[PDB]
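Observations on the three-dimensional arrangement
Letter by letter, the chains look like this.
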Amino acid sequence: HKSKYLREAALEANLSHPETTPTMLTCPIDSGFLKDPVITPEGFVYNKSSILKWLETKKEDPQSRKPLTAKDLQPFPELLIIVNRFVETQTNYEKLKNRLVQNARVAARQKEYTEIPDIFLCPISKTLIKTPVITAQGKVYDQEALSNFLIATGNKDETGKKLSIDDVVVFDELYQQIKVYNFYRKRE
Amino acid sequence: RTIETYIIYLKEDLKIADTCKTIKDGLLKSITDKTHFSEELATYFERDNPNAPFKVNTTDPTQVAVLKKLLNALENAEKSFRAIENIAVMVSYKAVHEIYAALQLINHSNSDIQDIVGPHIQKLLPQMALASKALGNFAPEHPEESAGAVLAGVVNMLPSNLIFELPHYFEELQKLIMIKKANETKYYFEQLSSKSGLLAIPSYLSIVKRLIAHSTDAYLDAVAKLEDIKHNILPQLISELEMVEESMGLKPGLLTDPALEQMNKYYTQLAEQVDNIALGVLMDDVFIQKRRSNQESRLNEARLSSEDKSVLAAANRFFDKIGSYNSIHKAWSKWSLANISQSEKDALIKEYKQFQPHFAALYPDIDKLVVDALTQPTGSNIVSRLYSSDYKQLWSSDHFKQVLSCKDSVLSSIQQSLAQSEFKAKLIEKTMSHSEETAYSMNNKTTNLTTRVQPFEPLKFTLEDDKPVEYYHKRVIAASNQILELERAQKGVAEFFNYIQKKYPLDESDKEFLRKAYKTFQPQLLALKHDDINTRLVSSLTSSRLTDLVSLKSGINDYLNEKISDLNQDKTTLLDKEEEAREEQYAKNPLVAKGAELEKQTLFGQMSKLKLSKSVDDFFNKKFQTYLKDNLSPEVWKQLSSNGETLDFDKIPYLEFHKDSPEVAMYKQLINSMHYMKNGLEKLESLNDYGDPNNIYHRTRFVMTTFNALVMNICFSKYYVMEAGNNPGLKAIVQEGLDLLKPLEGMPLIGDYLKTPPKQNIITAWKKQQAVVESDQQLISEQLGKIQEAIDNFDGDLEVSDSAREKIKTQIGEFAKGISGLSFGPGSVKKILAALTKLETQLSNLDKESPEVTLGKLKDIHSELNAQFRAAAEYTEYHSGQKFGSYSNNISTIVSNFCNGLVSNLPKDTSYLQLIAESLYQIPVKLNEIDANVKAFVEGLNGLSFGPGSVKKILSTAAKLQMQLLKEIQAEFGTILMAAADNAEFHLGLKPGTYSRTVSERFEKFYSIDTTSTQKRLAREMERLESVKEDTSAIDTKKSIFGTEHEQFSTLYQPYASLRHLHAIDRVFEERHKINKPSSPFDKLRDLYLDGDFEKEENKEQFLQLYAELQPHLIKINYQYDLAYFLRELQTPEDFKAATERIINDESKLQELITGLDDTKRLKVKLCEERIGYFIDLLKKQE
Amino acid sequence: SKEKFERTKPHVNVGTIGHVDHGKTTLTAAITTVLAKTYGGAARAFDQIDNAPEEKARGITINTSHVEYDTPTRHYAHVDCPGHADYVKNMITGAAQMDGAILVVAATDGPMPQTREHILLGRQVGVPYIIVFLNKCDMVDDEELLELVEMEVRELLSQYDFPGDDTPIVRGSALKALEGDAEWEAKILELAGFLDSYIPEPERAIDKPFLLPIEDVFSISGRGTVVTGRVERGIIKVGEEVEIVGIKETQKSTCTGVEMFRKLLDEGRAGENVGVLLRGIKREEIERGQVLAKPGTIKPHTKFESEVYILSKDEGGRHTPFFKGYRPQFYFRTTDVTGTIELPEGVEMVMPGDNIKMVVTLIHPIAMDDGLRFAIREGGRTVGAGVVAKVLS
RNA sequence: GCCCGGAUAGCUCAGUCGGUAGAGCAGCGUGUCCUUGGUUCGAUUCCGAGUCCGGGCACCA
Ligand SMILES: Nc1nc2c(ncn2[C@@H]2O[C@H](COP(=O)(O)OP(=O)(O)OP(=O)(O)O)[C@@H](O)[C@H]2O)c(=O)[nH]1
Ligand SMILES: [Mg+2]
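Residues numbered from 1 in each chain as written, not as in the entry; some residues may be left out. Chains lettered and ligands numbered in written order. Heavy atoms only, no water. Residues with missing side-chain atoms left out of burial classes, pairs and counts.

- The PDB entry lists chain C under the name Elongation factor Tu, with Escherichia coli 'BL21-Gold(DE3)pLysS AG' as the source organism.
- The Sequence similarities (unreviewed entry) comment attached to chain C in UniProt states, word for word, "Belongs to the TRAFAC class translation factor GTPase superfamily. Classic translation factor GTPase family. EF-Tu/EF-1A subfamily."
- UniProt, in the comment section headed Catalytic activity (unreviewed entry), describes chain C in these words: "GTP + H2O = GDP + phosphate + H(+)". (UniProt positions renumbered as here; feature names shortened; annotations may be inferred.)

- Chain B has the name Protein SidH in the PDB entry, where Legionella pneumophila is given as its organism.

Section: the site of ligand 1
Residues and elements named next belong to chain C.
- In the vicinity of ligand 1, 20 residues are found, and the nearest of them are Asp21, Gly23, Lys24, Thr25 and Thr26.
- Here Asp21 contributes a backbone N or O atom positioned 2.9 Å from an oxygen atom of ligand 1.
- A distance of 3.1 Å is found between an oxygen atom of ligand 1 and a backbone nitrogen or oxygen belonging to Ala174.
- Elements supplying a minimum of two residues to the shell around ligand 1: α1 (24-38) and α6 (174-179). (Near = heavy atom within 4 Å. Polar contact = N/O pair within 3.5 Å; in protein donor to acceptor, adjacent residues only side chain to side chain. Helix = DSSP H or I, 4+ residues; strand = E, 2+ residues; numbered from the N terminus.)

Considerations on the nonpolar core
- Membership of the largest hydrophobic core comes to 167 residues, with the highest contact counts inside it found for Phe81 and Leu211 of chain B.
- In terms of residue count, the dominant contributor to this core is helix α31 (residues 704-725) of chain B (11 residues).
- Look past the residues within four positions of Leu211 of chain B in its chain and what remains in contact with it is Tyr169, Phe170, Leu173, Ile229, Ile233, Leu234 and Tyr266 of chain B.
- If you look at the next biggest cluster of nonpolar residues, it comprises 36 residues, including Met91, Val105, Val127 and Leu134 of chain C. (Core = buried A, V, L, I, M, F, W, Y, C linked by side-chain atoms within 4.5 Å. Buried < 20%, exposed > 50% of the residue type's maximum accessible area, 1.4 Å probe, protein only. Contact = heavy atoms within 4.5 Å.)

Remarks on the protein's contact with RNA strand D
- Near RNA strand D you find 50 residues, and of these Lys55 and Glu98 of chain B together with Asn90, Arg288 and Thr338 of chain C are the closest.
- At the protein interface, 68% of the atoms of RNA strand D within 4 Å belong to sugar or phosphate.
- In this structure, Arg58 of chain C approaches RNA strand D through a side-chain N or O atom, which is 3.2 Å from a sugar or linking oxygen.
- At the level of secondary structure, the elements contributing two or more residues to the surface near RNA strand D comprise α4 (62-85) and α5 (89-107) of chain B together with α2 (53-58), α3 (88-95), β8 (216-220), β12 (251-259), β15 (273-278) and β20 (355-366) of chain C.
- Here the residues of the surface near RNA strand D sort into 17 nonpolar, 16 polar and 17 charged. (Nonpolar A, V, L, I, M, F, W, Y, C, P; charged D, E, K, R; others polar.)

Considerations on unusual backbone geometry
Residues and elements named next belong to chain B.
- One non-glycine residue, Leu282, lies in the positive phi region at around 75°.
- With respect to the helices and strands, the residue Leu282 is situated in the loop between α12 (257-277) and α13 (286-307).
- Backbone geometry at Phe946 places phi at a positive 75°, although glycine is not the residue there.
- Along the chain, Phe946 turns up in the loop between α40 (930-940) and α41 (950-964).

Looking at the pattern of salt bridges
- In total, this model carries 67 salt bridges over all chains according to the counting rule given.
- Between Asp566 of chain B and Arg105 of chain A there is a salt bridge; the shortest N-O distance is 3.4 Å. Highlighted residues: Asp566 of chain B in helix α25 (residues 554-588) and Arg105 of chain A in helix α3 (residues 80-107), drawn from two different chains.
- Judged by its relative accessible area of 12%, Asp566 of chain B falls in the buried class.
- The class for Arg105 of chain A is buried, based on a relative accessible area of 5%. (Salt bridge = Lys/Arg side-chain N within 4 Å of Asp/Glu carboxyl O.)

So, the coordination of the magnesium ion (ligand 2)
Residues and elements named next belong to chain C.
- Looking at the metal site, the magnesium ion (ligand 2) is ligated by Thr25 (OG1) and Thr61 (OG1), spaced 2.0 to 2.1 Å from it. Within this pair, whereas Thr25 is found in helix α1, its partner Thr61 is found in the loop between α2 and β2 (65-70), the two being separated by 36 residues in sequence. Neither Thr25 nor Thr61 differs from the other in exposure class; each is buried. (Donors = N, O, S within 2.8 Å, 3.2 Å for Na, K, Ca; no water.)

Things to note about the environment of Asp390 of chain B
- Take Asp390 of chain B: it is sitting in helix α18 (residues 389-396).
- Only 2.6 Å separates the side chain of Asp390 of chain B from the side chain of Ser388 of chain B, close enough to count as a polar contact.

Some details on the sheet that holds strand β3 (residues 75-80) of chain C
All names here are of chain C.
- Here we have six strands laid out as an open sheet, ordered β2-β3-β1-β4-β5-β6, and mixed in their pairing. At either end of the open sheet lies a strand with only one pairing partner, and these are β2 and β6 (169-171). Across the sheet, the axes of successive neighbouring strands diverge by a mean angle of 25°, strand direction being ignored.
- Of the strand pairs in this sheet, strand β1 (residues 11-17) and strand β4 (residues 100-106) are connected by four bridges, and their pairing is parallel. In the sheet register, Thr16 faces β4, and the bridge partner there is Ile102.
- Lying on the sheet, α1 is in contact with β1, β2, β3, β4 and β5 (130-135); it crosses β2 at an angle near 30°. (Pairing = 2+ DSSP bridges. Axes fitted to C-alpha atoms, helices over the stretch in contact; angles between N-to-C directions.)

Quick notes on the interface of chain A and chain B
- Chain A puts 11 residues into the contact, and the matching count from chain B is 11 residues.
- Where the side of chain A that touches chain B is concerned, the elements lending two or more residues are α3 and α5 (172-186) of chain A.
- Element by element, the count of residues in the side of chain A that touches chain B is highest for α5 of chain A, at seven residues.
- Counted by class, the side of chain A that touches chain B contains three nonpolar, three polar and five charged residues.

Regarding helix α43 (residues 994-1007) of chain B
- With 14 residues, α43 of chain B should cover 20 Å at 1.5 Å per step; its first-to-last C-alpha distance of 20 Å lies within 8% of that length.
- Buried residues belonging to α43 of chain B abut α28 (612-631), α39 (909-925), α40, α42 (967-987) and α44 (1010-1029) of chain B. (Expected span 1.5 Å × (residues − 1).)

Details of the pairing of strand β9 (residues 224-230) of chain C
All names here are of chain C.
- Most of β9 is tucked away: six of the seven residues are buried.
- Here β8 runs beside β9; their pairing, made up of five bridges, is antiparallel. Its bridge partner lying in β9, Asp216 is registered against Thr228.
- If you look at the hairpin formed by β8 and β9, you'll find three residues sitting between the two strands, and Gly222 has a positive phi there, around 80°.
- Here six bridges tie β9 to β15, and the two strands are oriented antiparallel to one another. For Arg230, the partnering residue across the bridge sits in β15 and is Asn273.

Some points on the domain arrangement of chain C
Residues and elements named next belong to chain C.
- Here chain C is described as being made up of domain 1 (8-202), domain 2 (205-299) and domain 3 (300-392).
- Centre-to-centre, using C-alpha coordinates, domain 2 lies 28 Å away from domain 3.
- Between domain 2 and domain 3, the residue contacts involve 13 residues of the former and 11 residues of the latter.
- Among the residues forming the side of domain 2 that touches domain 3, the class breakdown is six nonpolar, three polar and four charged. (Domains from an automatic or database assignment.)

Some details on the packing of helix α49 (residues 1097-1117) of chain B against helix α51 (residues 1133-1144) of chain B
Residues and elements named next belong to chain B.
- Contact geometry of α49 with α51 gives a least axis separation of 12 Å together with a crossing angle of 35°. When the axes of α49 and α51 are compared, the crossing they make is left-handed. Every residue of α51 that contacts α49 at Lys1100, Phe1103, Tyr1107, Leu1110 and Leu1114 is listed here: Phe1136, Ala1139, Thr1140 and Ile1143.
- For the contact of α49 with α51, the per-class residue count stands at seven nonpolar, one polar and one charged. (Left-handed = near helix turned anticlockwise from the far one by under 90°.)

A closer look at the sheet that holds β20 of chain C
- Spatially, the six strands close up into a barrel ordered β17-β20-β19-β18-β21-β22 (chain C), and their pairing is antiparallel. With direction set aside, neighbouring strand axes in the sheet form an average angle of 45°.

Looking at the side chain of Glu685 of chain B
- Locating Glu685 of chain B in the fold gives a position in helix α30 (residues 662-687).
- It turns out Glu685 of chain B is buried and unbridged, and the closest side chain with the opposite charge, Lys611 of chain B, is 4.1 Å from it. (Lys, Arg positive; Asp, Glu negative; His and termini not counted.)

Concerning the interface of chain C and chain B
- The interface is formed by 36 residues belonging to chain C together with 26 residues belonging to chain B.
- Contact between chain C and chain B buries roughly 2300 Å² in total, counting both sides, with carbon and sulfur atoms accounting for 64%.
- By the criterion of area lost to chain B, the three top residues of chain C are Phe323, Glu348 and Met349 of chain C, representing 22% of everything that side buries.
- Run the count over chain C and chain B and you get one salt bridge.
- The closest approach of N and O atoms between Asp21 of chain C and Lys334 of chain B, which form a salt bridge, is 2.3 Å.
- Counting the contacts that link chain C with chain B gives seven residue pairs in polar contact.
- Going through the elements one at a time, α2, α5 (144-159) and β20 of chain C are the ones with two or more residues in the side of chain C that touches chain B.
- Broken down by element, the side of chain C that touches chain B gets its largest block of residues, three residues, from α5 of chain C.
- Broken down by class, the residue content of the side of chain C that touches chain B amounts to 18 nonpolar, 10 polar and eight charged. (Buried area = accessible area lost by both parts, 1.4 Å probe.)

Focus on the arrangement of the chains
- In this assembly, two pairs of chains are in contact, and the pair with the greatest number of contacts comprises chains B and C.
- Looking at chain A next to chain C, you find no contact at all, with the nearest C-alpha pair sitting 42 Å apart.

Some details on the environment of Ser1079 of chain B
- Checked against the element boundaries, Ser1079 of chain B lands in the loop between α47 (1065-1071) and α48 (1081-1091).
- Contact partners of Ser1079 of chain B, with chain neighbours within four places excluded, come to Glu1045 and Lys1084 of chain B.

Written out as structure tokens, the structure is:
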């Protein structure tokens, strides 16, 4: 079950947006990233620094509730090897996020634009973005302009990738940047 | 002649120039103290030369500007008054009203400036009022224009809690550390919660109650209460104290360092006690963070208010648009702002809505003019608006000219407000620096780390579509505070890496600086994925490689730069949205006049809104006169009330006071004082009520004279009220009236306002007054000046600071004042001048001898000079006809104080009652707190006489009590108290029994057969009636004023007086002494007037002697027959003739006085008969 | 000029006073046009009154304008005065030629600062009767407001010794009357009737030595110089000798012609607004304020003792006291002179609202007599009102 | 009558952010600046009025 746990954690992280950190990847006891995880005979993710406090009150499994001791609950770094890549992917994802916002901030203060800035233009709508939504790979569309497009061509897009509404969530920072741009243009 | 009298009155009695100089010097020394005020405020008052006026720029704070204006007004007033003394009416008027203009500036200032200025400026308010009243005598006579109190002798009554209260409170709570902890808490609550008058921090009661409750007391609840005290209450109190000292302008830590030490001791002892019963540092980590966060919030508000330019731009646009109308355009508009086009009105309204507060504060009437002109519909007629006469006067004027004349003042006010905000920001910056220094010093001069601090999360941006102004303001301030945090973090990392580079180009020695630098930016280093680096640094810095952390320096720097850039962008965006919301909110609200609302708040509007006149009238009509009817005997009440239940209100301002008994005259004076007090309060309230919506209120300097006159009348009447209140039977109601006027002590421009008598020879007094008019003394003044210059010229090894120079100069001035009133005998002046010369030689040679020889020589000089001055003072007392031992003691005290100063600055029945209470308390305690009970007993029974006879009885009873250490001693004490009570009651017009039963009840309450006591008191009353029957004061005074020849002398003196108004006419004048020899002072004065040869000094001395004889009686008829001012005006023989005629024309009033004495005896005998009737009735009923 | 001005009816000097822009000029035009509709008349237009380029540009009256009309039993010379606060002096000069005043008070405004100021100043220069005209009554339909204005004006008149409870008040509209609305022409006719009845014909002094205060001087081309004004007393005939007395040294001249509203007069009588031709005098040798007098009957004076009431701040007077050496401006009938003030013994400062017996010495000698009222103005406001108690020198 | 501008030592003048009048000549200046008020903490200075002086308009019994 040790391999199945990481297998399904990997699929859950992959299907979900990388900015949505899974609640199981982080240790439920301390709500922190995997840095010192432990294992159970069936196989669950915890933290040693948290398991030592948990076992004092209840000498059993936090989730399966089976009677378990501290001797068996040994550090399990096999769950770390995935986490790092995930987080670096997250970091790499974030490595775009800030930039995708930073230039936007500058774009929010430019005056007398010849055309709507590209970061403010939806590629699948060719119009100003009303509410921005960000793909798992790092592209931004409009919420309605993506929903109607997906239902028109059957949850497919661009190169026929399996992308749906539930897997792509609103981009809040870009949304506030759009609000700033609209407020500044409305000043005229 | 009158101008000379005014000049002398200014120079000698009021001493206005000296008062102005003293006030200016004290104010300037206090505000440049550098130990009570900060250096930022002090540097504004540095002058190249002390003869130049302070310059008020547009770049100095509002409070610095008002202080400069006040100091300049004081200097110019002193200059004008000194110029008057160097030689008039116009110059004095101008100086007085310049002082009044400064007073009006104080009136329109805030609480901080008012409390800074009040103690110094309160010293010349009575002087200003008396100067104004003297000036008013140069105007045409206006009877009934004032009709106020007659100011008889007011010239005679010419006159750190914040930093100590909190330390005292926390010391008291340190003292509060089964049943023992059940009354101490209540005692502390009563002692402290009752304290007020300094709660400028508008929460203090909540803090004191919370600390009392929490100090009254598993361990989790106690720890939670301790942390709540350390984090929520105490930091809030410290922050409020810091705001107090920032608005005040004091030095950083003036009144927050002692308080901080006190509460640190308090919290440490609390923590120790809690630990003993079953962390506590008061500056652990988060107290510091909360203090710094409040400081940064205040700093950012100050910086935002300083960097705002919208109000100044709006004012500039408004005045530019108003100034764009030339003569033709203004003529077309008919010089009214209401006749301009509607679009122009809209633009002007948009501009004026942004700077209305400044304009209305400076010009409350032009503000109303502008608002009405811009906003009133043109269809409406002026007549339907019901304008007042002066509002119509302001309305008919050139509106453009009136509005444009306010431009410089309004712009200066706006720029000065911006400068005030910037100055407050600098003050807060120094406050944070000093707070950091104190926090560093208080712990160990060492800092500690912890690997558990929450990371630094930059605030998320959210742009609400439409929210009130305060919402965006809060977001802006949060962004600015976060900017400041990041700025400190970047400064810390810069210093950290600079020290790393300069200390080792991780097992080090000076890890404290690295710890203090890293604690500034630990959250930012933790924000990145650097938890391992942080946890490796903390342990290695608190217990112990540094060559690798230098790598992640550029990353941290660029992260800080990016985040501060983002926060700056976001602050600008939210500021723009704030501007939009402010514009929208301005558009929604209509334009409404604000002048009256600001005028209602200045200083006198606040006092007027209290409506103290209504309460005073309520007490005067409902509680005062009913008590007078209840307690006064009907015989004396018939004099005050013709109807029997209400005072004779048709004649309340009594003016005779010489046809009545002393008790009746005192009651009439008390009624007059209450009436004047009520009238003055009501006039002050009417003149400062701004509740007419159809009227304009012009801000001027010429209303302060009326306000000061009213305040002076009120305070003089209150003075007489407390003077009449020191009677045993009248303490209660007088204290009630005092409690009514309680909210008048504390106001800066009123304050106490007042103080809250030798007998020398008549010729000596006249000569002294003549010398005062015409102004060894020059010799001693030159000697003291030589001493002062010798001290100042001391440039030896013993360096003398300028502060010591000022101290010795002030001591020299005090010594000159003390010795200016002495007469020295033959050769005494030689001895004193030789001693002073030896003293100045020693002072010039202070460094030429050892300190022991110097101190011995100066002590010998002090002894010799003090002995010589005692001899001179005794000689002066003998030659001036005074009483021995009075002036000499004061002269010796002055000399001793002066010598102590120079050596320092060069490197009663109340006691009988107290002992009675002490003995009565010690009687049972020695045969079985005390001080407080004795003090309360003494205070409640203050004002008893005890006579000369009962003193021996009290002493004998105390001796018997001491010998015996049952109720006989108690009975004797009670009957002595009762006899004193009867004496006090008969002195007043009180009904028998009242105060006596009151004091008996008090005595028996403090304590924890009657037939003999009642009989003894009855005998006391019978002998009192006999003694009253034996009185002949009226006959004695009649004989003293004129003997048994007044009628005969009048009959044979009228023809001589008629003949006075030819060669042989003087012949009978020679023979008149052979038939009309005087035998009484009044007849002697008549003969002296008949002589008419006042050129000679012999009959001048004779008149002085006669007036000395007649003064004790003339003073009762009129107050002007004193021995100081009446003699001062006797300079020329014509003045002597005028005074003789004036005294002569009062014979009817002496007759009225003697008849009043007879009526006094007539009333007294009736009082005794009523009293003895009451006691015989009580004695017969009790059986 | 051309006509001869036959004397048939009693002649009354009236004028319009009141606050700025309250309708005095419109009232004068309306009176002229209504009396021309109902009687002979002249029917002057508005632009013929305020005709000066300065007045046309500013829109206000600047100098007094003189018109005439005729009721059935009287002949009126009417002085329209400026109402602006800056031209009060001009008003004063006009107010010196009034045997009666129409105090024009706008119903839409009520009495204003210049209403009170004009009442006081007309009292000081000798206006003995006032008839209030509630103007702009077409713009106010309320009746309570009209009564409020009436009582306020009545109390204002009584404040300055005018019989406020007896003063007639006419509720009209000069703009509508000038337009031609008969209902308001009836009100104008009522005002004319009040002028005829309420104001008595004054008892003129046709026997006293000749006296004429000068209000204006003209340079008639080809003829000479002309001095206009109301003859205070006496009769001035062509060919008689006169002297100019006042600011400068007294001059001598002859009268070579008298006119009255551009009509030749054989002789000017007391109380009549006439114009006199003077032989051989330049226009720069005569100013407003001087006096035409019979030779050797008037001696100008510089120092006089007077009883002066100083106005309070609420009456448009000073708000601060003045001291010795105060130099205000003193306004007598057509004269204004700077003077210095000496206070009585023991007095150093005079408060507003005070009554003083002061000695005033003028910088130029002027023709004045005992019991002559005067005003005291300084800094654009009226600061006091006094009467010459006696003439020192 | 309505504007505009000047008045500072015996003479010619500089003094403008409102902080106690100075450069020359004349023989080391109580010259508060033409005078009077106002505003202002404070006036040669800003506002008003008045006295002289000038140069622009006005009207014409
Ligand atoms: N509605 C109305 N308007 C009037 C009336 N009388 C005068 N006016 C208007 O008020 C304005 C005032 O103009 P004038 O009559 O010349 O005022 P004035 O009394 O001469 O005042 P000054 O010119 O300053 O001397 C004029 O433009 C008229 O149009 C009136 O009775 N009713
Ligand atoms: Mg007009």
